[PDB]
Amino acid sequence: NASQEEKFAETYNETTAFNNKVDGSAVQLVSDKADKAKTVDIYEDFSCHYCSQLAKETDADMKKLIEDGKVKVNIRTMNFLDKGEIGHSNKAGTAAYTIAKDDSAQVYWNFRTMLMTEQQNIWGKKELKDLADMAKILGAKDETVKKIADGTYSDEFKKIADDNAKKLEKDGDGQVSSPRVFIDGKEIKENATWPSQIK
């Protein structure tokens, strides 16, 4: 509820030292320290439990690898859990994409963490205007908040999600599911420990 959400500003308030941009259908996270960095593709859906668990398990180790220039992470959001409808995966994904495209890496990172951590509490209960309010609490620019509420990128996001599903089908084993992690194009078997592959 509203009073709970005000406190998110304390809860989801990590600092970041990397850049964010949209590259094709990826949200690319990479720092200026990148030095022969490995490309890490992460296919995920904001309604998916195992994606939320993976984020909880790996986000701290991932953040450091990005900051230190060891990896370039492509967050490749999908929306299959909405089963073709415009549901939570699309709304949450659109909101996060809007921040990724127009706003700071720090707000993006904290918003993504929030969506994954709060997943079961918020699934199906947040419209774009509500996600916009959450983005404001987490520091998004005024225009970003407006674009989330307005669904300015809803259609763009539909294509992002479809494009990531198509890429996953081509690059993997043909199955589209999530979460999935690839390092330099090779699928990782135990996703929960992928950061430990990076030396």
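Residue indices: 1-based, along the sequence shown.
When the C-alpha B-factors of 9-17 and 180-188 are averaged, 9-17 comes out higher. Mean CA temperature factor is higher for 25-33 when stretches 142-150 and 25-33 are set side by side in the entry. Note on the listed residues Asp162, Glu44, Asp133, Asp59: the highest Cα temperature factor in the record is that of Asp59. Out of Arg76, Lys83, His88, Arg112, the entry records its largest CA B-factor for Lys83.
Ranked within its chain, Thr94 lands in the lowest third, by CA B factor from the PDB record.
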